[PDB]
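Below you'll find only one chain, the form deposited in one PDB entry, shown as structure tokens.
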């Protein structure tokens, strides 16, 4: 029956498929249509069509594996999209129409109905499958009766009757928030429209509104931009993605219902975009330290995942007006145009999304200016993101503490992410493909960049842990300078180290002290493990003399500097050791398969060449100290290390500090409340992290106590001499 409910479903169809916007003369759209044509043809040629079958598709035949239910229904959704596309060869095709109708009936009778119980992953029974069923019925509503539609959605109400909780039919339900809560909307708001149920629609929208609240504990968005999910995991880049991607799809529909959301919370969405998402996007890539276990998925590398966020932003811009709309469009435009590695259209899967992106890119009225420098201290999720616009590099610092889990290994995904938050760092430079093209299955998991660890074997079956200490955090002074520290203890309490970082605009100092090891295993810090490009080879210099690296590890005692020289200055990486250090280096081909780190991925072998730099710590009380200087040529690097000759102020068990004389900036980490006199100019008095700038006879101060998560009055922590 035609009514206001169907009017909303028509709008939903324009969003999830957009056939009304299709244009055969539009190159990008025709490409997506061709993809869907191929998928439907494959499904139609392989579908079991015998009497009393045991499965619709052999590839997804074991219905004990819940993933097979969702995969099956998604194949039907693809058919629905094409049968309703005037330009498809399957438009109104009699076999396709009957196949969808008959398939819904078969699954309903033998696989997914109200009499069944969750077997496998609850997600498929409550979100994945219901969304596929909803979209299929919505697109093909003119081929189903209202009675059939209610019949096929009854099961959804059985598994998801309450819009505030998930896993309601199990012995351990949970309160829905964040991304999952948004999916609750794509499940119950649409089912509500299909079932013409006003109560389901209103109550679900009511529950959804919880997503707009700022939290100070638990899952959700924090005032500093952090986003936590799964109790205590940094997750802006995966569950945050779902939240904005799904919410942006629902909003146009919700705002037209009799229960619209107060247009005051959109300001809150704009804040998420600027404070939480934007900082994590560098040259079109979404920082992996915010993506949790999704880093182990081959089809979801950094640039691909980024599109989920970008399309959410451009949809939100479309529902905005004036300046806000134009500025959001500009944000998307500049990020996309800065990405010379990935084609954004490869992950725009609906015609409306393709259309919106094309108009934005071709509209001269929408500004596309390189993004300016920034530095975000996401203390509530223990991550820090830095970007320098003048030199063009991004830096990511991945930590954890007593407040956050180090890594997520669940559903057989991310089996070797053990050290991805043990003070691991990321460098985003001219090689936009660095963390892509198979980086995750080929990187040596025992030597994540920046981490100090022993060489003990680790089990894939292990799961994440929190850190014993709360002394982990970042003190930010401005858009270019900040200081961080991590009171580190390894996974089995056999090694410790006071690790600190000094972000000084165009370089980052890495200091480590109090390194102790009580095990029989060898300890070392991985200075770097950089994935190489066969097209852009590096010329390696040690103490400014060319060195020839081999697969076999070579030792370089008394090293003052290491420089990786590319033909592109924006890919250069230099390391300056404040005090001559004993390191080792190697360049080797590393092989692996995505299945090695994620059970559901391909076992196909992947390979990449990596350059590894490390420093062994054979004695208790050992330390390390070096400056990472990216994006400058060889001569300039050599000049800079001369300028930085005496930049190291101290690096011991209670005090770590680096001074940038050119800027007049100090980075300081104090592990106790003793009076520390710095450069014979001032004194710092409390345990904590500092970033200070001297301007004339004035001092700008940024202090942070990571344990109490508080700053402090100036006179309590600083005193000029």
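Under this definition, the rigid core comprises the largest set of C-alpha atoms superposing within 1.5 Å between the forms. Numbering follows the first chain given and starts at 1.
- Remark: stretch with higher mean C-alpha B factor among 664-672 and 43-51 is 43-51.
- In this crystal structure, the stretch out of 324-332 and 525-533 whose C-alpha atoms carry the higher mean B factor is 324-332.
- Taking the PDB entry at face value, the top CA B factor among 352, 98, 618, 303 belongs to 618.
- The PDB entry assigns the greatest CA B-factor among 400, 578, 270, 440 to 270.
- Among all modelled residues in its chain, residue 59 ranks in the highest third by Cα B-factor.
- Annotation for residue 69: C-alpha temperature factor in the highest third relative to the rest of the modelled chain, per the entry.
- Split the chain's modelled residues into thirds by C-alpha temperature factor. Residue 686 is in the middle one.
- Residue 416: CA B factor lies in the lowest third for its chain, per the PDB record.
- Residue 652: CA B factor lies in the middle third for its chain, per the PDB record.
The same protein also exists as the form deposited in another entry; that form is not shown, yet it is the one meant from here on.
- Of the residues 235, 73, 626, 378, exactly one exceeds or equals a 2 Å C-alpha shift between this form and the one not shown once the rigid core is aligned, and that residue is 73.
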